[PDB]
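Observations on chain architecture
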Amino acid sequence: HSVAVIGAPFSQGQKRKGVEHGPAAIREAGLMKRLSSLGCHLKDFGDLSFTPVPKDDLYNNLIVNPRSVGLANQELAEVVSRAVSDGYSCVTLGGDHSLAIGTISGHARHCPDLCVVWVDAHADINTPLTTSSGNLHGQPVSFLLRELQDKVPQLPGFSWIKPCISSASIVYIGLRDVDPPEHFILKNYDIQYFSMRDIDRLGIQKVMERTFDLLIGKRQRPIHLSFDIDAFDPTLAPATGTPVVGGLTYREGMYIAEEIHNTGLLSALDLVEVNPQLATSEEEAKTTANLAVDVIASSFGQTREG
Amino acid sequence: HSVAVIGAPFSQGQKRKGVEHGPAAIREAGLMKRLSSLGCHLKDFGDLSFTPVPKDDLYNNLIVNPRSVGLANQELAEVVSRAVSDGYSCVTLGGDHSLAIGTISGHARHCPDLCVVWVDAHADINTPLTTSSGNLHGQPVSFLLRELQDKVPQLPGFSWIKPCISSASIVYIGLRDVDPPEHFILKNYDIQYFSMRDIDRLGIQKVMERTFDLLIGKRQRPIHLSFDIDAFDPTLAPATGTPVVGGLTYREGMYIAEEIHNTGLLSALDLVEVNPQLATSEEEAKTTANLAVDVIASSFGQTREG
Amino acid sequence: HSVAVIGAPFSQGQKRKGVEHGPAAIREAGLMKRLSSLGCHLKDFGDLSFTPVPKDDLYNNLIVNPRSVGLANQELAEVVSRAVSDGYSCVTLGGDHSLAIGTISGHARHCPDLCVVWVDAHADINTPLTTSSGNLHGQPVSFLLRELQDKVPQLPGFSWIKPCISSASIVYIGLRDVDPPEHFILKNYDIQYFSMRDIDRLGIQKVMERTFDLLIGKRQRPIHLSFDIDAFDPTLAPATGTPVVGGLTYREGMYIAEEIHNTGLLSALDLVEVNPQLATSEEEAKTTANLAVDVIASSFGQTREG
Ligand SMILES: N[C@@H](CSCC[B-](O)(O)O)C(=O)O
Ligand SMILES: N[C@@H](CSCC[B-](O)(O)O)C(=O)O
Ligand SMILES: N[C@@H](CSCC[B-](O)(O)O)C(=O)O
Ligand SMILES: [Cl-]
Ligand SMILES: [Cl-]
Ligand SMILES: [Mn+2]
Ligand SMILES: [Mn+2]
Ligand SMILES: [Mn+2]
Ligand SMILES: [Mn+2]
Ligand SMILES: [Mn+2]
Ligand SMILES: [Mn+2]
């Protein structure tokens, strides 16, 4: 199958400097030639350059870089819909997870019935209303779920975003650090998730059976994999903004990816939050980058059996 | 609920120097404001200062610092029964595991019907008759079980100790390094345990279902959680006196703690054997201390899903 | 039962220097008294000294040290069939995995109906016409399977070797790095294997149920356990020549061993590829050495339960 690669060097969804280098790190870890090695037909859109927004201040005094994030995502959305439109499976390399706003919005533009698999240590479902930090990379899901739009203040530059997917079309895997408001939202709207605790009881295998039952149980449909590198234990992925011990194992991470590929329904994938600068050493940075590449490669066919 | 915290910088239950700094390390890892963050009402008794015993030599030429250990434990037993008395859930930060003699003694003093959940790589049930090292931190359970009574030589400074719980009131989790004599006694008095193998075959959640069936199946009763940091795999908890490979996973460790909290029956908790000096680097020592806090925090409510 | 130990300090099945020090490392990690401690009757054959072959270059310009490996194996083959003959369960401590050519040949010499459990990160089933490196430690299985001999060129010094076991009498456990040609062979001859992926999905316990069904389902028969230390994750077994991430867990490896011991059919065991010189530190070397001993001890009765 054909794969498209887009580098999104964005970092204004949070305050740590360095996530804008994520794309370069992953690329330098051999992502590209690793993909043809599988046999994929490649289309590299290069690394996007987003238009900054001068004097983009706090909305209501906490939401950070609203219109800067809204514009970058609007641009990314057009490139992603373009690739998905030409039949490509879109691979977006992040910066921060706020980019999921644009990639899922651009993807949904052509595959309205898409479902989402969110692999992350966090739920990123805070709204401008419940956030404590004001950092938009922890609010992506808010602006995408239809049942939430009534409790999601509209931010400057977010005009264009239009809530698409239903709360039943997204499943979380790996949650291990959820804020109380986020927990209220997940329970209230019955959003399905499998925390590390659920994985400790059911096992990654049983977890994937179910998430696919929820999403594609009654019918085939486009799958969107938004993979946050911090979903892996910090010992496996040091180079990241918000590490949280007790994460996914290298095998589990690879198992999730392998299982998604076996569905044959992957239409778009996000690999985000890889921050080279936050690594203690050169090796730590390289370890994370390689881990990122493995997840992507494995999502497109790479096997542990050959 | 209200929580009491007692630091017992004791190290004479064994030979390595450094366990006396365990409390400070755990404290310096945020334990205190971490517990408040949960909503617990805290009463910090500070770090106790045990009275030493000059010229406290080997009894029968092997048992080490008998009277020094017997006095420190007596002493601790009173602070603990004081706290338990005022309705506090007593949290003791060790030095070595010989301290359990005091904490369980003092706790039983007010909750005679308490049951014990011992999470350790070792069973710590050697008697002064069966020990090979002579260190007392590997003999705690001996002085506490009633069925062992008459098979436990009386040492200098141990006169005050009176066997409280029965063998049927303690359950082991994590065992992987058991001496032949301990195995003989575990089998002879039918004491229940779940070795690393049992956990491998049953799953950590199936393990917790069972320990609570044995302990609190027929009735509600106070639970004493004695947690030896070496129950965790050495890669997760480096800073400790007697590492043993193939231990508990970070997740399983947290799972045990979460499950205990879910019983709502936790009265006291021991977090022992954290030895900073035994760490290779500064980060390894911090890793162990942070793991210690996560265990305690988790035992009192901290969640992986907010 | 009675056990025989044979040290094979051979390293010419590959290019890295150091594997010849594997036996000493394992021995110096307490192997011998660890086996007595179990109750086993030991017969140490010491460390063999293989006759070098001067001017033993590449056959067809790639196959490395052909006759040197062929001669070393023929000699080992006699010592092994000697021990197996006197009723001993034969334990060979490697150098490199090419030694399996000798150990399995010698073993087969008396127990023609033996079955093989191959615990390795690799399949080591490349033939002289498919290898890329030319190193013979990646081709052992080729000279042993009967259905392959037709596509296996005859090398200098291999005259004596005679294909013994059938393709259905060998099961792989832990595969996670297979070359395209190897994959073709496995599929083509229906050779059974449980890759790290199959393990993540079925669990180590289920894996063993199955391999034993394939091998000893219809009848009891001798078991040859060829255990490459690189089957363990690099974090558990650093000191080895070809590290591959996402491998067996210490607990899983010990589970495999314990399970094989439970069958009571172990005849010979290979513990290969331990290379102390590849360790970054003294401790890393010691860790790998101890792991090797545990696997052997466990395969002969050692329990995590006592
Ligand atoms: N609850 C956190 C979420 S951190 C989200 C970061 B990441 O994209 O990595 O999940 C907040 O709003 O500050
Ligand atoms: N069997 C050992 C027990 S070491 C006990 C130490 B600890 O408290 O960590 O279990 C002995 O008596 O030397
Ligand atoms: N495919 C590799 C195999 S490396 C085999 C080494 B070992 O014995 O550790 O599996 C080759 O032929 O170079
Ligand atoms: Cl603090
Ligand atoms: Cl039979
Ligand atoms: Mn995220
Ligand atoms: Mn995250
Ligand atoms: Mn202990
Ligand atoms: Mn212990
Ligand atoms: Mn190997
Ligand atoms: Mn091998």
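As recorded in the entry header, the structure was determined using X-ray crystallography to a resolution of 2.70 Å.

1. Digging into the overall build of chain A
Tallying secondary structure elements over chain A gives eight helices and eight strands in all. Expected size for 306 residues packed as a compact globule is a radius of gyration near 19 Å; at 17 Å, chain A falls within 12% of this value. Dimensions along the principal axes, computed over C-alpha positions, put chain A at roughly 55 × 40 × 35 Å. Scored against the burial criterion, the 306 residues of chain A give a buried share of 62%. Looking at chain A alone, contacts between residues at least 24 apart form 75% of all its contacts between residues at least 6 apart. Carbon and sulfur atoms form 48% of the exposed surface of chain A, whose accessible area is close to 11,500 Å². Here chain A contributes 26 positive and 36 negative side-chain charges, whose respective centroids are spaced 4 Å apart.

2. Focus: the UniProt feature "binding site: Mn(2+) 2" in chain A
All names here are of chain A. As annotated in UniProt, the feature "binding site: Mn(2+) 2" corresponds to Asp-120, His-122, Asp-228 and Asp-230 in the numbering used here. These residues run over 111 residues, yet every pair of their C-alpha atoms falls within 8.8 Å of each other. Along the chain, the position of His-122 falls in the loop between β4 (115-119) and β5 (170-175). Overall, the relative accessible area of 12% leaves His-122 in the buried class. Apart from the residues lying within four places of it in its own chain, the contact partners of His-122 are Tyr-172, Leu-175, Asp-177, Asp-230, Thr-242 and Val-244. Along the polypeptide, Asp-230 turns up in the loop between β7 (223-228) and α7 (250-263).

3. Some words on helix α4 (residues 100-110) of chain C
All names here are of chain C. The buried fraction of α4 is high, at nine of eleven residues. Those residues of α4 that fall on the buried side of the exposure criterion are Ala-100, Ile-101, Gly-102, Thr-103, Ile-104, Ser-105, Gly-106, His-107 and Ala-108. Buried positions along α4 lie against α3 (66-85), β3 (89-94), β4 (115-119), β7 (223-228) and β8 (266-272).

4. With respect to the interface of chain C and chain A
Opposite the 20 residues of chain C that make contact, chain A presents eleven residues. Between chain C and chain A the total buried area reaches about 1,200 Å² when both faces are included, carbon and sulfur atoms providing 44% of it. In terms of surface lost to chain A, no three residues of chain C exceed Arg197(C), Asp200(C) and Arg201(C), which account for 49% of the buried area on that side. Along the contact surface separating chain C from chain A lie five salt bridges. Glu258(A) is the partner of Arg197(C) in a salt bridge, and the nearest nitrogen-oxygen pair spans 3.3 Å. The tally of links between chain C and chain A comes to nine residue pairs in polar contact. Those elements giving two or more residues to the side of chain C that touches chain A turn out to be α5 (180-188) and α6 (196-202) of chain C. Of the residues that constitute the side of chain C that touches chain A, the class distribution is seven nonpolar, five polar and eight charged.

5. Regarding the coordination of the manganese ion (ligand 10)
Residues and elements named next belong to chain C. The manganese ion (ligand 10) binds to the protein through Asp-120 (OD), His-122 (ND1), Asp-228 (OD), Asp-230 (OD) and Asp-230 (OD), with metal-donor distances spanning 2.1 to 2.5 Å. Counting residues between consecutive donors of the manganese ion (ligand 10) along the chain gives the motif D-x1-H-x105-D-x1-D. The metal-metal distance between the manganese ion (ligand 10) and the manganese ion (ligand 11) is 3.3 Å, with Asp-120 coordinating both. With a gap of 108 residues between them, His-122 in the loop between β4 and β5 (170-173) and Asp-230 in the loop between β7 and α8 (250-263) connect regions that are remote in the sequence. You'll find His-122 and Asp-230 in the same group, each marked buried.

6. Observations concerning the relation of the copies chain C and chain B
The transform that puts chain C on chain B rotates by 119° and translates by 0.5 Å along the axis, for an RMSD of 0.2 Å. Classification of the inter-copy transformation places it as that of a three-fold axis. Within chain C, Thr235(C) has its C-alpha nearest the rotation axis, a separation of 5.3 Å.

7. Some points on the site of ligand 2
All names here are of chain B. The environment of ligand 2 is formed by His-97, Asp-120, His-122, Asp-124, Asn-126, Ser-133, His-137, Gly-138, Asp-179, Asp-228, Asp-230 and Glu-273. Here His-122 contributes a side-chain N or O atom positioned 3.3 Å from an oxygen atom of ligand 2. Starting from 380 Å² of accessible surface for ligand 2 in isolation, the protein chains cover 90%. Here the residues of the shell around ligand 2 are counted per class, giving no nonpolar, six polar and six charged.

8. With respect to the packing of aromatic side chains
Residues and elements named next belong to chain B. Going through the model one piece at a time under the given rule, you end up with 13 aromatic pairs over all chains. Geometrically, the ring pair formed by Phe-10 and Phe-50 is edge-to-face, given 5.9 Å between the ring centres and 70° between the ring planes. In this pair, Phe-10 sits in the loop between β1 (2-8) and α1 (22-27) while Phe-50 sits in the loop between β2 (41-47) and α3 (66-85), placing the two residues 40 residues apart along the sequence. In this structure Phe-10 comes out as buried when scored by relative accessible area, which is 4%.

9. Points about the UniProt feature "binding site: Mn(2+) 1" in chain A
Residues and elements named next belong to chain A. UniProt's feature table lists "binding site: Mn(2+) 1" at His-97, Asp-120, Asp-124 and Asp-228, given in the numbering used throughout. The greatest C-alpha distance among the annotated residues, which extend across 132 residues, is 10.3 Å, indicating that they converge on a single site. Tracing the backbone through its elements, the reader meets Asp-120 in the loop between β4 and β5. According to the relative accessible area criterion, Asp-120 is buried, its value standing at 0%. For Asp-120, the contacting residues outside a window of four places in its chain are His-97, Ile-173, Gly-174, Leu-175, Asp-228, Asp-230 and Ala-231. Turning to its location among the elements, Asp-124 is positioned in the loop between β4 and β5. Since its relative accessible area comes to 6%, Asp-124 is described here as buried. Engagement of the side chain of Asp-124 in a polar contact is seen with the side chain of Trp-118, the distance being 3.5 Å.

10. Side note on the sheet that holds β5(A)
All names here are of chain A. On the basis of which strands lie adjacent, the open sheet formed by eight strands has the order β2-β1-β3-β8-β7-β4-β5-β6 and parallel pairing. Looking at the sheet topology across the chains shown, the edges are occupied by β2 (41-47) and β6 (192-195). On average, each strand axis in the sheet is inclined to that of its neighbour by 15°, with strand direction left out of account.

11. Description of the coordination of the manganese ion (ligand 6)
The reference angle at a metal is 109.5 degrees if four donors form a tetrahedron and 90 or 180 degrees if six donors form an octahedron. Residues and elements named next belong to chain A. At 2.0 to 2.3 Å from the manganese ion (ligand 6) lie its protein donor atoms, namely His-97 (ND1), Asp-120 (OD), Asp-124 (OD) and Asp-228 (OD). Coordination at the manganese ion (ligand 6) is irregular: its six donor atoms span angles of 55 to 165° at the metal. The metal-metal distance between the manganese ion (ligand 6) and the manganese ion (ligand 7) is 3.3 Å, with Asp-120 serving as a donor to both.

12. Considerations on the sheet that holds β3(C)
The strands making up a sheet associate through backbone hydrogen bonding, with each pair oriented either parallel or antiparallel. Residue and element names in this part refer to chain C. Judged by pairing direction, the sheet is parallel, and its eight strands sit side by side in the order β2-β1-β3-β8-β7-β4-β5-β6 without closing on themselves. Sheet topology places β2 (41-47) and β6 (192-194) at the edges, where each strand pairs with a single neighbour. Each adjacent strand pair in this sheet contributes to an overall mean axis angle of 15°, direction not counted. Judged from the four bridges that link them, β4 and β5 form a sheet pairing that is parallel. Considered in β5, the bridge of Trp-118 is made with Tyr-172. Across the face of the sheet, helix α2 (residues 31-38) comes into contact with β1 (2-8), β2 and β3 while running at roughly 165° to β2. Contacting β3, β4, β7 and β8, α4 crosses the sheet at an angle of about 170° to β7.

Cut-offs and rules
Residues numbered from 1 in each chain as written, not as in the entry; some residues may be left out. Chains lettered and ligands numbered in written order. Heavy atoms only, no water. Helix = DSSP H or I, 4+ residues; strand = E, 2+ residues; numbered from the N terminus. Rg over C-alpha atoms; globule rule 2.2 N^0.38 Å. Buried < 20%, exposed > 50% of the residue type's maximum accessible area, 1.4 Å probe, protein only. Contact = heavy atoms within 4.5 Å. Areas by Shrake-Rupley, 256 points an atom, 1.4 Å probe, with all protein chains shown as cover. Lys, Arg positive; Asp, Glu negative; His and termini not counted. Charge placed at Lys NZ, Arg CZ, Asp CG, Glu CD. UniProt positions renumbered as here; feature names shortened; annotations may be inferred. Buried area = accessible area lost by both parts, 1.4 Å probe. Salt bridge = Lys/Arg side-chain N within 4 Å of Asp/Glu carboxyl O. Polar contact = N/O pair within 3.5 Å; in protein donor to acceptor, adjacent residues only side chain to side chain. Nonpolar A, V, L, I, M, F, W, Y, C, P; charged D, E, K, R; others polar. Donors = N, O, S within 2.8 Å, 3.2 Å for Na, K, Ca; no water. Least-squares fit on C-alpha atoms. Near = heavy atom within 4 Å. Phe/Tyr/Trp six-rings, centres within 6.5 Å; stacked < 30°, edge-to-face > 60°. Pairing = 2+ DSSP bridges. Axes fitted to C-alpha atoms, helices over the stretch in contact; angles between N-to-C directions. Tetrahedral: all angles 85-135°; square planar, octahedral: opposite > 155°, others 65-115°.

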